[PDB]
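Source file structure.pdb; content: PDB, C-alpha atoms.
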MODEL        1
ATOM      1  CA  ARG A   1     153.120  88.514 138.177
ATOM      2  CA  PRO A   2     153.869  92.028 136.921
ATOM      3  CA  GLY A   3     153.286  95.017 139.169
ATOM      4  CA  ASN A   4     154.287  98.320 137.536
ATOM      5  CA  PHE A   5     151.935  99.632 134.936
ATOM      6  CA  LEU A   6     153.562 102.901 133.983
ATOM      7  CA  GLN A   7     152.317 103.850 130.519
ATOM      8  CA  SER A   8     153.275 106.709 128.277
ATOM      9  CA  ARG A   9     151.555 107.981 125.173
ATOM     10  CA  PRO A  10     153.193 107.974 121.779
TER      11      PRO A  10
ATOM     12  CA  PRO B   1     133.479 107.249 146.388
ATOM     13  CA  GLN B   2     136.922 106.885 148.066
ATOM     14  CA  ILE B   3     139.413 104.126 147.193
ATOM     15  CA  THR B   4     142.200 102.954 149.465
ATOM     16  CA  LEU B   5     145.510 102.038 147.789
ATOM     17  CA  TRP B   6     146.280  99.257 150.281
ATOM     18  CA  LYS B   7     145.320  96.910 147.462
ATOM     19  CA  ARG B   8     145.328  97.390 143.672
ATOM     20  CA  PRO B   9     142.570  99.880 142.681
ATOM     21  CA  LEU B  10     140.549  97.503 140.526
ATOM     22  CA  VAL B  11     137.084  98.334 139.325
ATOM     23  CA  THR B  12     134.610  96.672 136.957
ATOM     24  CA  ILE B  13     134.271  98.302 133.542
ATOM     25  CA  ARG B  14     131.650  97.646 130.827
ATOM     26  CA  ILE B  15     132.647  97.975 127.200
ATOM     27  CA  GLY B  16     130.576  96.760 124.229
ATOM     28  CA  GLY B  17     128.334  94.918 126.696
ATOM     29  CA  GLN B  18     131.211  92.967 128.255
ATOM     30  CA  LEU B  19     132.261  93.142 131.872
ATOM     31  CA  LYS B  20     135.995  93.533 132.510
ATOM     32  CA  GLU B  21     138.206  94.258 135.510
ATOM     33  CA  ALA B  22     140.557  97.238 135.173
ATOM     34  CA  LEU B  23     143.142  99.177 137.196
ATOM     35  CA  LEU B  24     142.687 102.875 137.970
ATOM     36  CA  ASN B  25     146.092 104.080 136.886
ATOM     37  CA  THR B  26     147.419 107.591 137.505
ATOM     38  CA  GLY B  27     150.751 106.526 135.919
ATOM     39  CA  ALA B  28     149.104 105.849 132.536
ATOM     40  CA  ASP B  29     148.502 108.639 130.047
ATOM     41  CA  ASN B  30     145.985 106.461 128.182
ATOM     42  CA  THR B  31     143.446 103.678 128.579
ATOM     43  CA  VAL B  32     144.798 100.358 127.376
ATOM     44  CA  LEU B  33     142.756  97.141 127.231
ATOM     45  CA  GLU B  34     143.937  93.610 126.687
ATOM     46  CA  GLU B  35     143.379  92.244 123.206
ATOM     47  CA  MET B  36     139.753  92.455 122.187
ATOM     48  CA  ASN B  37     137.614  93.253 119.178
ATOM     49  CA  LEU B  38     136.272  96.746 118.656
ATOM     50  CA  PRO B  39     134.340  98.308 115.733
ATOM     51  CA  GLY B  40     135.411 100.953 113.279
ATOM     52  CA  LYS B  41     138.510 102.744 112.123
ATOM     53  CA  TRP B  42     141.783 102.431 114.015
ATOM     54  CA  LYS B  43     145.419 103.546 113.799
ATOM     55  CA  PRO B  44     148.484 101.643 115.060
ATOM     56  CA  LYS B  45     150.486 103.239 117.921
ATOM     57  CA  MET B  46     153.559 102.415 120.008
ATOM     58  CA  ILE B  47     153.322 102.951 123.761
ATOM     59  CA  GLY B  48     155.988 102.722 126.429
ATOM     60  CA  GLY B  49     155.885 101.163 129.838
ATOM     61  CA  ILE B  50     158.246  99.984 132.513
ATOM     62  CA  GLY B  51     159.961  97.264 130.520
ATOM     63  CA  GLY B  52     159.925  98.706 127.004
ATOM     64  CA  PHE B  53     157.411  99.354 124.252
ATOM     65  CA  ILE B  54     154.346  97.624 122.815
ATOM     66  CA  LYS B  55     152.209  98.009 119.684
ATOM     67  CA  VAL B  56     148.493  98.804 120.224
ATOM     68  CA  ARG B  57     145.530  99.718 117.996
ATOM     69  CA  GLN B  58     143.975 103.062 118.754
ATOM     70  CA  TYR B  59     140.172 103.371 118.616
ATOM     71  CA  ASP B  60     138.406 106.716 119.184
ATOM     72  CA  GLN B  61     135.060 107.619 120.647
ATOM     73  CA  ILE B  62     134.390 104.256 122.339
ATOM     74  CA  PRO B  63     131.763 104.215 125.084
ATOM     75  CA  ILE B  64     132.911 102.698 128.382
ATOM     76  CA  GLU B  65     131.317 102.519 131.791
ATOM     77  CA  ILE B  66     133.831 102.850 134.620
ATOM     78  CA  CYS B  67     132.593 102.107 138.137
ATOM     79  CA  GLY B  68     129.151 103.474 137.287
ATOM     80  CA  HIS B  69     130.338 106.504 135.363
ATOM     81  CA  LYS B  70     129.643 106.657 131.623
ATOM     82  CA  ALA B  71     132.661 107.763 129.605
ATOM     83  CA  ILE B  72     133.329 108.070 125.859
ATOM     84  CA  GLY B  73     136.803 108.327 124.429
ATOM     85  CA  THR B  74     139.950 106.758 123.114
ATOM     86  CA  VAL B  75     140.858 103.153 123.846
ATOM     87  CA  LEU B  76     144.144 101.473 122.941
ATOM     88  CA  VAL B  77     144.018  97.694 122.561
ATOM     89  CA  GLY B  78     147.118  95.501 122.780
ATOM     90  CA  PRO B  79     149.208  93.131 124.868
ATOM     91  CA  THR B  80     148.998  94.968 128.208
ATOM     92  CA  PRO B  81     149.255  92.624 131.243
ATOM     93  CA  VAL B  82     146.167  94.153 132.848
ATOM     94  CA  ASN B  83     143.377  96.431 131.624
ATOM     95  CA  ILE B  84     144.319 100.006 132.563
ATOM     96  CA  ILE B  85     142.206 103.130 132.929
ATOM     97  CA  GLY B  86     144.568 106.015 132.445
ATOM     98  CA  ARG B  87     144.360 109.735 132.937
ATOM     99  CA  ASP B  88     142.326 110.432 129.787
ATOM    100  CA  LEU B  89     139.299 108.610 131.309
ATOM    101  CA  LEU B  90     140.003 109.181 134.990
ATOM    102  CA  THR B  91     139.673 112.911 134.221
ATOM    103  CA  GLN B  92     136.412 112.274 132.416
ATOM    104  CA  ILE B  93     134.881 110.569 135.434
ATOM    105  CA  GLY B  94     136.109 113.216 137.936
ATOM    106  CA  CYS B  95     138.831 111.186 139.647
ATOM    107  CA  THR B  96     141.432 112.949 141.830
ATOM    108  CA  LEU B  97     144.401 111.740 143.910
ATOM    109  CA  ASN B  98     144.105 113.102 147.479
ATOM    110  CA  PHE B  99     146.380 113.124 150.545
TER     111      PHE B  99
ATOM    112  CA  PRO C   1     146.651 118.002 148.158
ATOM    113  CA  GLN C   2     143.894 116.884 145.784
ATOM    114  CA  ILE C   3     146.064 116.291 142.721
ATOM    115  CA  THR C   4     144.254 116.627 139.406
ATOM    116  CA  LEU C   5     145.066 114.359 136.506
ATOM    117  CA  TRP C   6     145.026 116.797 133.581
ATOM    118  CA  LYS C   7     148.809 116.412 133.475
ATOM    119  CA  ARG C   8     151.145 113.657 134.664
ATOM    120  CA  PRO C   9     151.163 113.844 138.473
ATOM    121  CA  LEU C  10     154.835 114.798 138.867
ATOM    122  CA  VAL C  11     155.840 115.885 142.320
ATOM    123  CA  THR C  12     158.907 116.962 144.234
ATOM    124  CA  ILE C  13     160.716 114.257 146.122
ATOM    125  CA  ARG C  14     163.688 114.474 148.456
ATOM    126  CA  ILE C  15     165.895 111.519 149.172
ATOM    127  CA  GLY C  16     169.366 111.569 150.720
ATOM    128  CA  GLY C  17     169.452 115.347 150.413
ATOM    129  CA  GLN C  18     168.804 115.224 146.669
ATOM    130  CA  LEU C  19     165.881 116.976 144.955
ATOM    131  CA  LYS C  20     164.161 114.858 142.305
ATOM    132  CA  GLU C  21     160.860 114.639 140.433
ATOM    133  CA  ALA C  22     158.629 111.524 140.603
ATOM    134  CA  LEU C  23     155.363 110.290 139.089
ATOM    135  CA  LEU C  24     152.557 109.314 141.518
ATOM    136  CA  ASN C  25     151.585 105.939 140.103
ATOM    137  CA  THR C  26     148.517 104.151 141.487
ATOM    138  CA  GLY C  27     149.321 101.498 138.860
ATOM    139  CA  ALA C  28     152.576 100.580 140.611
ATOM    140  CA  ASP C  29     152.657  98.244 143.600
ATOM    141  CA  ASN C  30     156.090  99.573 144.671
ATOM    142  CA  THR C  31     158.267 102.653 144.378
ATOM    143  CA  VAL C  32     161.091 102.532 141.831
ATOM    144  CA  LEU C  33     163.671 105.254 141.320
ATOM    145  CA  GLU C  34     166.182 105.846 138.534
ATOM    146  CA  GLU C  35     169.711 104.567 139.241
ATOM    147  CA  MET C  36     171.204 106.278 142.287
ATOM    148  CA  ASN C  37     173.391 105.561 145.215
ATOM    149  CA  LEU C  38     171.668 104.551 148.395
ATOM    150  CA  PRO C  39     173.165 103.260 151.667
ATOM    151  CA  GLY C  40     172.832  99.818 153.188
ATOM    152  CA  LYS C  41     172.237  96.256 152.102
ATOM    153  CA  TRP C  42     170.135  95.477 149.045
ATOM    154  CA  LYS C  43     168.662  92.500 147.200
ATOM    155  CA  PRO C  44     168.100  92.055 143.414
ATOM    156  CA  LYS C  45     164.461  91.883 142.226
ATOM    157  CA  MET C  46     162.606  91.857 138.920
ATOM    158  CA  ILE C  47     159.677  94.133 138.276
ATOM    159  CA  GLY C  48     157.379  93.923 135.326
ATOM    160  CA  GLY C  49     154.722  95.665 133.335
ATOM    161  CA  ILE C  50     154.028  96.904 129.851
ATOM    162  CA  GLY C  51     156.966  95.943 127.706
ATOM    163  CA  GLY C  52     158.252  93.231 130.064
ATOM    164  CA  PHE C  53     160.563  93.089 133.079
ATOM    165  CA  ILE C  54     163.598  94.963 134.418
ATOM    166  CA  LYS C  55     166.153  94.065 137.110
ATOM    167  CA  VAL C  56     166.238  96.449 140.097
ATOM    168  CA  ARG C  57     167.928  96.648 143.528
ATOM    169  CA  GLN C  58     165.769  96.735 146.705
ATOM    170  CA  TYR C  59     166.794  98.885 149.658
ATOM    171  CA  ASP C  60     164.894  98.917 152.971
ATOM    172  CA  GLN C  61     163.975 101.658 155.445
ATOM    173  CA  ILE C  62     164.887 104.575 153.143
ATOM    174  CA  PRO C  63     163.569 107.969 154.213
ATOM    175  CA  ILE C  64     161.984 109.963 151.436
ATOM    176  CA  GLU C  65     159.989 113.184 151.384
ATOM    177  CA  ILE C  66     157.112 113.178 148.882
ATOM    178  CA  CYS C  67     155.388 116.542 148.464
ATOM    179  CA  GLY C  68     156.700 117.431 151.894
ATOM    180  CA  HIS C  69     155.136 114.326 153.496
ATOM    181  CA  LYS C  70     157.731 112.134 155.249
ATOM    182  CA  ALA C  71     157.841 108.466 154.387
ATOM    183  CA  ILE C  72     160.261 105.681 155.210
ATOM    184  CA  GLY C  73     160.184 102.466 153.223
ATOM    185  CA  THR C  74     161.417 100.055 150.610
ATOM    186  CA  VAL C  75     162.799 101.741 147.514
ATOM    187  CA  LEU C  76     163.712  99.903 144.320
ATOM    188  CA  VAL C  77     166.417 101.371 142.112
ATOM    189  CA  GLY C  78     166.926 100.518 138.464
ATOM    190  CA  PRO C  79     166.346 101.425 134.830
ATOM    191  CA  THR C  80     162.814 102.814 135.051
ATOM    192  CA  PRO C  81     162.072 105.523 132.438
ATOM    193  CA  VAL C  82     160.913 107.844 135.218
ATOM    194  CA  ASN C  83     161.010 107.931 139.042
ATOM    195  CA  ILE C  84     157.806 106.306 140.265
ATOM    196  CA  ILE C  85     156.077 106.522 143.648
ATOM    197  CA  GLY C  86     153.959 103.363 143.964
ATOM    198  CA  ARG C  87     151.207 102.271 146.376
ATOM    199  CA  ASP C  88     153.642 101.227 149.124
ATOM    200  CA  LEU C  89     154.470 104.891 149.723
ATOM    201  CA  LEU C  90     151.288 106.448 148.384
ATOM    202  CA  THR C  91     149.605 104.634 151.320
ATOM    203  CA  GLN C  92     152.107 106.049 153.855
ATOM    204  CA  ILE C  93     151.472 109.627 152.771
ATOM    205  CA  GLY C  94     147.694 109.074 153.054
ATOM    206  CA  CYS C  95     146.723 108.809 149.365
ATOM    207  CA  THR C  96     143.232 107.909 148.190
ATOM    208  CA  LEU C  97     141.498 107.853 144.811
ATOM    209  CA  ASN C  98     138.256 109.882 144.861
ATOM    210  CA  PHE C  99     135.554 109.882 142.124
TER     211      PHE C  99
ENDMDL
END

Final structure tokens representation of the file:
Amino acid sequence: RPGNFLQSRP
Amino acid sequence: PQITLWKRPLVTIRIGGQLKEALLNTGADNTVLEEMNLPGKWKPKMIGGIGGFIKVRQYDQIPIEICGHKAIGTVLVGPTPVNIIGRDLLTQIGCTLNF
Amino acid sequence: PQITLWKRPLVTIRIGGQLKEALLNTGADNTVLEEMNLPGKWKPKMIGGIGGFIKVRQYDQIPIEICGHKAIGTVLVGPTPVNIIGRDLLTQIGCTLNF
């Protein structure tokens, strides 16, 4: 199960 | 109120009358929901995460309720592993990171 | 501090005498740093999120200063786009989410 939900805009 | 980080910071959200679980995410610029149907105009965007990039659809001015707080703004929809409430909406609902 | 979320929460970190910048990420279970040389034994892991998975190396009992708060813990090292302080170490430095 994934655990790193870094997210960056366009 | 005040949320520990000993476990994942998961909260119920309500969007279009559906209840969803979502992660309060300071490491996300934007709010990204798993695939779902929303009304109105959209534009396709590419977002990056830890393992690479994904395509999402951007929808603007969508009403969401996050842990009791009404918000209205931009929602990206795509193949995220978990629903994520990112800084755009955390700022709307008054959320800070304290230590 | 009470860090506001108008901008990415990037903070000073110090590890092994090196000054770096990291993102405080409530959406990350664990702390993962860009490739760097650390001392001691390590074990390969995979970590995942948006975009899929990456291979990292796990080091134990690494001292790290985060915003001047001292922590000691497990640090993953690998090809993350940005240095990330996850909940493992956010908890040690006393971090809460407050709405």

To test your reading of the syntax: which residues would the ChimeraX specification (/A :<8) & /C return for the file shown? Reply as a compact mmCIF listing (two decimals) with C-alpha atoms, keeping the file's coordinate frame.
# COMPACT_ATOMS: atom_id res chain seq x y z
CA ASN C 25 151.58 105.94 140.10
CA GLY C 27 149.32 101.50 138.86
CA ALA C 28 152.58 100.58 140.61
CA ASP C 29 152.66 98.24 143.60
CA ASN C 30 156.09 99.57 144.67
CA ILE C 47 159.68 94.13 138.28
CA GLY C 48 157.38 93.92 135.33
CA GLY C 49 154.72 95.66 133.34
CA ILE C 50 154.03 96.90 129.85
CA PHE C 53 160.56 93.09 133.08

**Request:** Residues of chain C near chain B: apply a cut-off of 9 Å, count all atoms listed in the file, and supply the list as a PyMOL selection string.
**Result:** chain C and resi 1-9+23-29+47-54+79-82+84+87-88+90-91+93-99

**Prompt:** Between atom CA of residue 56 of chain B and atom CA of residue 77 of chain C, what is the spacing in Å?
**Reply:** 28.4 Å

**Item:** 9 Å contact set for residue 39 of chain B, all atoms listed in the file, chain neighbours under 2 positions out, as a PyMOL selection string
**Value:** chain B and resi 37+41-42+59+62

**Message:** Applying the PyMOL selection byres ((chain C and resi 13) around 8) to the file I just gave you, which residues come out? Please list them as a PyMOL selection string.
**Reply:** chain C and resi 11-12+14-15+19-22+64-68

**Request:** Figure out the distance between atom CA of residue 33 of chain C and atom CA of residue 61 of chain C, please, to one decimal in Å.
**Result:**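 Interatomic distance here is 14.6 Å.
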
**Message:** One number please: atom CA of residue 58 of chain C to atom CA of residue 72 of chain C, in Å, one decimal.
**Reply:**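 Answer for the atom CA of residue 58 of chain C to atom CA of residue 72 of chain C separation: 13.5 Å.
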
Once you add 8 Å to each side, what are the centre and edge lengths of the axis-aligned box holding all listed atoms of segment 31-43 of chain B? One decimal in Å, as AutoDock Vina command-line options, if you can.
--center_x 139.9 --center_y 98.0 --center_z 120.4 --size_x 27.1 --size_y 27.4 --size_z 32.5
